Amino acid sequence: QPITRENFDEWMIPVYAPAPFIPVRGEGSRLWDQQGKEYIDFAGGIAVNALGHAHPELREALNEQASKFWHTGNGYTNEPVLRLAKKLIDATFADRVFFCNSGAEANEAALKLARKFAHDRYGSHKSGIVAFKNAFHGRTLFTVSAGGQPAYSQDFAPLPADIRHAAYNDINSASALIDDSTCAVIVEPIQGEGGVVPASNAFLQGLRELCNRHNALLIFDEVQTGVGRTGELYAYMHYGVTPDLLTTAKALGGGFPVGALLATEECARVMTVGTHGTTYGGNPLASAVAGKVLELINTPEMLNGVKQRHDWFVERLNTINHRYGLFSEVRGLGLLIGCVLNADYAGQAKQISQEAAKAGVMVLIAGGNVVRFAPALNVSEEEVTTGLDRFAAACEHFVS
């Protein structure tokens, strides 16, 4: 039979309430549903589709590797995964890489590593993880425990112990929870799902200093801010603060499920044979696509084109706002942007987002108070503009 939106409510464990309409194909930043209706996509796969939909180069790298082999599992290395490791190593502070299949898997590896590193060098008691309220790090028991949203963790207790949460951008708060017993501090350089809130340069530099004083590993969760999103390859290059461990996923594979953990030689050393692993991680199909993604994103032209796009979005969202008075602030960095709703409209992000979709434009929320834009890094000027026209018309209807 045909497939209907009402099938989703009989067949899926109900953790999501997705859009009333169902996408069937797309190209760059346009996407179309089963009845031909056209959307401009500023969701961008939740900051994943860095190169837009059905990119011809990503396709050709896909079918080219797909016609050789897809997977053997990690008893055997492959050429694409090694080339992909080299690109990441050459391009970042990393000296070594582990590949996995999601952002949570990447953060599981990172927290595992910092645990074993501290145990091995200082002893079993040094196990403290400090993370930040409002953080999101994934949905595995360990990563959702690391996450700063107790409503996502509470139901699944007992939670792994020795995790504590400081207030984001609050140096003294973090300082109070970081002592010689801390093995890791995990922080997103911009909080993503928690509202598109960027770190300040002094906050990060202060976490770097605290980690050094207390021999703790600093982990940047760059799952959302990485691979071009901010206008440098990783947000840490923008802030100018270097972590011991950096995690990466989402846009890494331009839509193919991939993630990775980047590490210094010193940290890498501690993960000996059999101490972590993954069936699919490092397959050559993912690795061929991620390799092409990095080839295309990590160029001066694409990245400066991200800085430029930030200004086309912020200028236009600013003039929409003057006209309609929805938001108190447009914030973020590169093409991760949040519109903060005002006192009159607070908690209403999702209704604006639903209006947007009726008007032909896909936008995200980030908590009930922020409308979040995470479009393709190659969205064209014409796409930004027509998308923002439809968002204008939706703010129109919404504001009454």
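Heads up: residue numbers just count along the shown sequence, starting at 1.
Mean CA temperature factor is higher for 179-187 when stretches 179-187 and 275-283 are set side by side in the entry. The stretch 235-243 shows the higher mean C-alpha B-factor when 133-141 is compared against 235-243 in the entry. As recorded in the PDB entry, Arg164 shows the highest C-alpha B-factor of the residues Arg164, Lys87, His71, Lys292. For the set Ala104, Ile320, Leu261, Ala251, the maximum C-alpha B-factor listed in the entry falls on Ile320. Compared with the other modelled residues of the chain, the Cα B-factor recorded for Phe156 ranks in the lowest third.
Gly192 sits in the middle third of its chain by CA B factor, as recorded in the PDB entry.
Residue-level temperature factors show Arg115 in the middle third of its chain, judged at the C-alpha atom.
Sort the modelled residues of the chain by CA B factor and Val223 lands in the lowest third. When the modelled residues of the chain are ordered by their C-alpha B factor, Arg83 lands in the middle third.
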